[PDB]
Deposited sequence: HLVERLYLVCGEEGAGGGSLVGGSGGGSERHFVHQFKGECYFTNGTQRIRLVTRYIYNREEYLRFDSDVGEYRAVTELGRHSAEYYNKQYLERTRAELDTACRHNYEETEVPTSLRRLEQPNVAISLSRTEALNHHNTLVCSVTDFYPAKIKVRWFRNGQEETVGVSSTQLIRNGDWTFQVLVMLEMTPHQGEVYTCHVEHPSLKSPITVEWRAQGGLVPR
């Protein structure tokens, strides 16, 4: 009882209208489904791009194809004649279907627990939080049982490309005998936080 992932159809322009040293010419189509509060709100945006210029767009909040630049002026009239009702219908048959029937049992159930380690690198403690999914996470620093607000800094969220993330969170500190510093990580994969302590 395999379930099928569906796709957004790339519409074709009407014809006859109106290598490091070689020239190249590039075209792109992007079909984007935006979801909020499950499938309670869905927005569909499809984009047609020549080289780097998006020239034609369907946006379900607008309800029809529109020219994004002058290059797409007559494209939008042709696509609205030929593909308008088909594209409107893809919000349910493609976006809603993929979310409810394929993302709910897979992507949205994926939970990878973070690994947490502390290193010292005047000075600064670095808490490395690695290999977690999804991206939502909270990392807190404590000194002798009290939470630190500064100097707490963080790198950007790092996307590893393998459906995991990592982040580094730094604490400006001066070591004294014999304090305890704690990196404290809350993540949807964890019922209770993971903590690591570091001592002078």
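Worksheet entry | Sequence ranges without modelled C-alpha atoms (deposited numbering) | Those parts of the chain that were deposited but carry no coordinates are 19 to 25, 129 to 135, 215 to 221.
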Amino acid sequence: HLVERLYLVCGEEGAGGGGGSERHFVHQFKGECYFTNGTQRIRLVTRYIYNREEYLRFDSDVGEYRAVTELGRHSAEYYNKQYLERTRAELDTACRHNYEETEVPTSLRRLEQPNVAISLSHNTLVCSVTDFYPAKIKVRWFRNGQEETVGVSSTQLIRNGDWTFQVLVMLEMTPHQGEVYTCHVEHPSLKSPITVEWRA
From here on, numbers count along this sequence of modelled residues.
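Throughout, rigid core stands for the largest set of C-alpha atoms superposing within 1.5 Å between the two forms.
Worksheet item: Comparing 40 to 48 with 148 to 156, which has C-alphas lying farther from the shown form in 6 other deposited structures of this protein once the core is aligned?
Response: With the rigid core superposed, the C-alphas that lie farther in 6 other deposited structures of this protein are those of 148 to 156.
Fill in: Other entries lacking residue 122, at least a third
Across the compared entries, residue 122 is left out in at least a third.
Worksheet item: Where do the C-alpha atoms have the higher mean temperature factor in this entry, in 6 to 14 or in 176 to 184?
Response: Looking at the record's C-alpha B-factors, the answer is 176 to 184.
Worksheet item: Of 122 to 130 and 84 to 92, which one has the bigger average CA B-factor?
Response: Comparing 84 to 92 with 122 to 130, the higher average CA B-factor belongs to 122 to 130.
Worksheet item: Per the PDB entry, which option out of 154, 46, 28, 160 has the greatest Cα B factor?
Response: The C-alpha B-factor peaks, among 154, 46, 28, 160, at 154.
Discussion item. By the CA temperature factor listed in this entry, which of these ranks top: 67, 150, 139, 135?
Written reply: So the option with the highest C-alpha B-factor is 150.
Discussion item. Please place residue 169 in the lowest, middle or highest third of its chain according to the CA B-factor in the PDB entry.
Written reply: For residue 169, whose C-alpha B-factor we compare with every modelled residue in the chain, the answer is the highest third.
Worksheet item: Relative to the other modelled residues in the chain, which third contains the C-alpha temperature factor of residue 144: lowest, middle or highest?
Response: Highest third, going by the recorded CA B-factors of the chain.
Item to complete: Place residue 51 in the lowest, middle or highest third of its chain's C-alpha B-factors, as listed in the PDB entry.
Response: Lowest third, going by the recorded CA B-factors of the chain.
Discussion item. Using the temperature factors of the C-alpha atoms in this entry, rank residue 108 within its chain: lowest, middle or highest third.
Written reply: Middle third.
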